[PDB]
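To start, the structure under review is shown below, and the notes come after it.
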Protein chains: 2
Amino acid sequence: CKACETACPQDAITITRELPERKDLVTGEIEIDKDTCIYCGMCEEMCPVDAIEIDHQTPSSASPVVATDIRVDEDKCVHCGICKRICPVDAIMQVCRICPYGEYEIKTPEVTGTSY
Amino acid sequence: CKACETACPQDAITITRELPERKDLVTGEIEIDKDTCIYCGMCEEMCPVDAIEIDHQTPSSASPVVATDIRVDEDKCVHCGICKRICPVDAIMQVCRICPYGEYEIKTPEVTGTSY
Ligand code: SF4
Ligand code: SF4
Ligand code: SF4
Ligand code: SF4
Ligand code: SF4
Ligand code: SF4
Ligand code: SF4
Ligand SMILES: [K+]
Ligand SMILES: [K+]
Ligand SMILES: [K+]
């Protein structure tokens, strides 16, 4: 818990702990149909964990688009559903699996560490 | 809605309508492990839509069992979860997908018919 590390008046204590990765405490599916996507940016703004990334650009006559790609980083996504609800053209498919499949897909966290 | 069919004092109106099938308004997985199953009948009794069927029999020395098969009719199952909770030997695996996947797996009902 690291209380003693904080409490030690001489900073004599080191407490380490390895926590689980975020991806492993969460489960769901998410896909963005980039052809439907019109790159309004609203999902990128609203995503509270900054998992969505858009390759913005200034258009040119060779490339007359305001963006060239959009991606979701599933290492960060926690499947809150905000992006799919805000998308004006319903280009995002997103479903959280925690309640139906959480027992099987999310391993109970083992917290490791050492003291010195 | 057929109110006019009912209201017509001369029974002059025919109104038809084709409702969706029950299976298409509902989503889930369900399977029964027949080797674990002891054929106690509790799920068949509790199933509120009579979706579970047990092939009961009187035992004989050639066939010393009180039932030879058990089945779930998924055309009838609405994935309420009762059978799995009542099962004394946890022989039923059942998952309901309605809330997480209902947006994608359950098609919006569109009710057709005509008038005369
Ligand atoms: S000891 Fe292990 S536990 Fe007791 S405090 Fe220091 S850390 Fe938290
Ligand atoms: S919102 Fe729907 S549309 Fe606007 S960007 Fe994120 S995805 Fe492309
Ligand atoms: S889901 Fe909640 S989190 Fe995963 S991306 Fe769309 S928003 Fe960012
Ligand atoms: S008309 Fe079509 S709607 Fe108006 S009542 Fe007879 S049925 Fe219900
Ligand atoms: S309850 Fe568990 S056991 Fe008794 S029947 Fe339905 S399944 Fe086979
Ligand atoms: S789930 Fe609800 S419905 Fe489908 S079977 Fe077990 S009980 Fe009958
Ligand atoms: S809640 Fe969990 S269970 Fe009750 S319905 Fe929506 S999904 Fe099926
Ligand atoms: K300290
Ligand atoms: K953001
Ligand atoms: K029944």
Side-chain angles (χ1 to χ4, degrees), chain A residues 20-38 40 42-49 51-52 70-109, chain B residues 20-38 42-43 46-49 51-52 70-112:
Chain A
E21 332 194 73
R22 182 147 94 203
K23 70 191 248 186
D24 292 328
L25 299 184
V26 100
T27 181
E29 313 168 34
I30 183 162
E31 184 80 0
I32 307 195
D33 183 9
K34 317 176 179 185
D35 304 315
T36 306
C37 158
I38 51 82
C40 84
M42 288 191 263
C43 82
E44 185 187 40
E45 278 175 45
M46 299 282 288
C47 159
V49 305
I52 294 166
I70 180 169
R71 295 175 295 283
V72 177
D73 185 353
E74 298 183 21
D75 284 357
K76 299 195 190 176
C77 156
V78 307
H79 297 288
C80 78
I82 284 168
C83 71
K84 135 181 97 168
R85 284 182 279 270
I86 195 62
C87 163
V89 299
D90 313 307
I92 297 173
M93 180 293 285
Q94 186 277 325
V95 43
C96 191
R97 315 182 31 106
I98 285 165
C99 262
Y101 297 99
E103 282 179 338
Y104 308 106
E105 303 178 333
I106 300 167
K107 275 137 205 48
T108 47
Chain B
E21 297 189 69
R22 182 148 93 202
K23 70 191 248 186
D24 292 329
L25 295 175
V26 83
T27 300
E29 313 168 34
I30 184 163
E31 65 165 29
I32 307 193
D33 182 8
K34 317 176 179 186
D35 304 315
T36 305
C37 159
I38 58 165
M42 287 191 262
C43 82
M46 299 283 288
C47 159
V49 306
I52 294 165
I70 179 170
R71 295 176 296 283
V72 177
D73 185 356
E74 301 181 28
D75 282 357
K76 299 195 190 176
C77 156
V78 306
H79 295 288
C80 79
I82 282 168
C83 71
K84 135 183 97 168
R85 284 182 279 271
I86 197 63
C87 165
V89 299
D90 298 303
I92 298 173
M93 176 288 282
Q94 188 276 325
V95 174
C96 194
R97 323 194 91 226
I98 285 164
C99 264
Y101 290 98
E103 192 174 354
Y104 312 102
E105 303 175 332
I106 295 169
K107 178 163 95 73
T108 300
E110 283 131 300
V111 168
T112 84

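Each chain gets a letter, A, B and so on, in the order its sequence line appears, and its residues count up from 1.
For the pairing with A/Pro100, the side chain to side chain contact (heavy atoms under 4.5 Å, CB included) check across B/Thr27, B/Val95, B/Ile98 returns one residue only, B/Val95.
Within a 6.0 Å radius of CD in B/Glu21, other residues, nucleotides and ligands contribute 12 heavy atoms or fewer. Counted within 6.0 Å of NZ on B/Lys34, heavy atoms from surrounding residues, nucleotides or ligands total more than 12; the atom is thus considered enclosed. The local environment of NZ in B/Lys84 is crowded, with over 12 non-hydrogen atoms from other residues, nucleotides or ligands closer than 6.0 Å. Taking a 6.0 Å sphere around CD of A/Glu105, one finds it holds more than 12 heavy atoms contributed by other residues, nucleotides or ligands.
Between B/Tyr104 and A/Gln94, the shortest heavy-atom contact is OH-N, 3.0 Å.
For A/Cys96, the part lying under 4.5 angstrom from a heavy atom of chain B is the backbone only.
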